[PDB]
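Quick reminder, even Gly has a Cβ in these numbers, built from the backbone with ideal geometry, and neighbours come from all protein chains shown. Nothing in this text is a laboratory measurement; each read-out follows from the coordinates by a stated rule.
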Number of protein chains: 2
Amino acid sequence: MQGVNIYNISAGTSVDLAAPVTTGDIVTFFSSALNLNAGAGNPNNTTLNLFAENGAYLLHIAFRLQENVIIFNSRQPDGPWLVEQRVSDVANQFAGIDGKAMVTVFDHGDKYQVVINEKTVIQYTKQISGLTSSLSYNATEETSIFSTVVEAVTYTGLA
Amino acid sequence: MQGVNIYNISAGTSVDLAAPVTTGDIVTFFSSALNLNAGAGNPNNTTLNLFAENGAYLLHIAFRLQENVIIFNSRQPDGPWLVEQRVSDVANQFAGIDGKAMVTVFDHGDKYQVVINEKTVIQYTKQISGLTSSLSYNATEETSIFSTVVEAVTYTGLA
Ligand SMILES: CC(=O)N[C@H]1[C@H](O[C@@H]2[C@H](O[C@]3(C(=O)O)C[C@H](O)[C@@H](NC(C)=O)[C@H]([C@H](O)[C@H](O)CO)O3)[C@@H](O)[C@H](O[C@H]3[C@H](O)[C@@H](O)[C@H](O)O[C@@H]3CO)O[C@@H]2CO)O[C@H](CO)[C@H](O)[C@@H]1O[C@@H]1O[C@H](CO)[C@H](O)[C@H](O)[C@H]1O
Ligand SMILES: CC(=O)N[C@H]1[C@H](O[C@@H]2[C@H](O[C@]3(C(=O)O)C[C@H](O)[C@@H](NC(C)=O)[C@H]([C@H](O)[C@H](O)CO)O3)[C@@H](O)[C@H](O[C@H]3[C@H](O)[C@@H](O)[C@H](O)O[C@@H]3CO)O[C@@H]2CO)O[C@H](CO)[C@H](O)[C@@H]1O[C@@H]1O[C@H](CO)[C@H](O)[C@H](O)[C@H]1O
């Protein structure tokens, strides 16, 4: 049955989904703030993650202002990071809207489509497959580009 | 293709969609406020609408505090209001979240599934079919249960 679930992710924490995200489902992260002038990351300023049942990082979205790039990657929980995909000009991806932002991920089965507000910044070919059982938003209190609490909304049972 | 579109609807206005919403698509209205003590409507306090290309109300969602009900209906532009589907106890539907709210509409072709926050309030069997080409949020700045501006986010091209 189609459903909507809402989660409040505080910076530096994760949440387990009550309804898993699989092929055809959607997850949108909402930030009630946007600080594109934050200091240097360590190396990341902000990261958004979708975890599989087995603990794998299905999709890792990392925003690095200092390197002016958004990174997309995957990795096993006990393995190394795999092949990174990069999008240049972080600030430009959020152009049009200020004071807040929205990041959407579509699980298309063999790929993850990431959209910043209304702009699809990448069709990321999966390096690791499976359904998402957990999410996390990692960042410090001083250098995150998003608010202290990031809200995640999932639309599941779509297919 | 799958896409995300954002619209800011000021009370009493409507917007034409850049991407029409059809079977398998989703639209969520976000309110940055929630006043269940707004007072008696005239008769409605707030309405959210999905219009067909010809102006027909495909889905009319009316929040009526004085009657303590949420009304769902449809009608042709020159026709009478059709059969109302009433959900009682407005406060219960928004329970769990204060200060704001979100109303989601799933277009399943034969029905419109409406979800307030995480709670599915109705599986509205359509009385009129067709694609949604426009949306509206109607209310006065005096008695609306939502903020002056409501943001509509559509997820289209899903099917
Ligand atoms: C800290 C950092 O920026 N890490 C990113 C890394 O950048 C490389 C250097 O970092 C190390 C690391 O700690 O991972 C340094 C280690 O000594 C290296 N290990 C070994 C055995 O040599 C690793 C290793 O080379 C990579 O992991 C291989 O992929 O890299 C980083 O210090 C260096 O920074 C430059 C800087 O850009 C330049 O301006 C300055 O003048 O010199 C500095 C030092 O040379 O750049 C290195 C090359 O990139 O690069 C990897 C990708 O290759 C990652 O981006 C890594 O960050 C992780 O990325 C993950 C997602 O892919 C995830 O976001 C993690 O949270 C990140 O830490
Ligand atoms: C103003 C209102 O509440 N309208 C809703 C209506 O309420 C009925 C009475 O309103 C009329 C009307 O103007 O529509 C009065 C007309 O004289 C009636 N027409 C005829 C030919 O008799 C119509 C007609 O019966 C209906 O349209 C048929 O569906 O109804 C309203 O005055 C009456 O008020 C009661 C009050 O509810 C009660 O608490 C109080 O103690 O006594 C009052 C006087 O008796 O209540 C009537 C209830 O039927 O009812 C219809 C549904 O039957 C709608 O709810 C209508 O509101 C419209 O709803 C639409 C969606 O379905 C849409 O949201 C429109 O914007 C609403 O105006």
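Please state which one of A:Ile128, A:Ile122 is of a type in the set (A, V, I, L, M, F, W, C), in a strand (DSSP E or B) and either within 16 Å of ligand 2 (Cβ to nearest atom) or closer than 26 Å to A:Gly55 by Cα (or both). Break it down stepwise before answering.
Values: A:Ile128 fails: in a strand (DSSP E or B).
Matching residue, one of A:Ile128, A:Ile122: A:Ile122.
Out of everything in region B:107-141 that is away from chain A (no Cβ under 14 Å) and closer than 25 Å to B:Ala95 by Cβ, what residue ends up being surrounded by the fewest Cβ atoms within 10 Å (Cβ to Cβ)?
Top of the filtered list is B:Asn138.
To keep it simple, each residue is scored yes or no on (1) more than 14 Å from every other protein chain (Cβ to nearest Cβ); (2) free of Cβ contacts under 8 Å to residues at least 24 places away in the same chain; (3) in contact with a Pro (Cβ under 8 Å, 6 or more places away or on another chain).
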{"position": "B:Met1", "(1), (2), (3)": "no, no, no"}
{"position": "B:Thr23", "(1), (2), (3)": "no, no, no"}
{"position": "B:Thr46", "(1), (2), (3)": "yes, no, no"}
{"position": "B:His60", "(1), (2), (3)": "yes, yes, no"}
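Report, by residue number, each residue of region A:13-61 that is out of contact with any helix residue (DSSP H, G or I) (no Cβ under 9 Å at 6 or more places or on another chain), of a type outside the set (A, V, I, L, M) and within 13 Å of ligand 1 (Cβ to nearest atom).
Hits for region A:13-61 are A:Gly41, A:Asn42, A:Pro43, A:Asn44, A:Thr46, A:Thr47, A:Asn49, A:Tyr57, A:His60.
With (1) over 15 Å from A:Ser31 (Cα atoms); (2) out of contact with any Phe, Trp or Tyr (no Cβ under 7 Å at 6 or more places or on another chain) as the list, and A:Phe72 as the residue in question, which single condition is left unmet?
With (1) over 15 Å from A:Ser31 (Cα atoms); (2) out of contact with any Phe, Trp or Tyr (no Cβ under 7 Å at 6 or more places or on another chain) applied to A:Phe72, the lone miss is (2).
Out of everything in region B:45-64 that is surrounded by 21 or more Cβ atoms within 10 Å (Cβ to Cβ) and under 17 Å from B:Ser31 (Cβ atoms), what residue ends up being farthest from ligand 2 (Cβ to nearest atom)?
Ranking the candidates gives B:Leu50 first.
Give me the residue from region B:82-97 that is under 18 Å from A:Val4 (Cβ atoms) and either free of Cβ contacts under 8 Å to residues at least 40 places away in the same chain or surrounded by fewer than 13 Cβ atoms within 10 Å (Cβ to Cβ) (or both) and, out of that set, nearest to the other protein chains (Cβ to nearest Cβ).
Applying the filter and picking the extreme gives B:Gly96.
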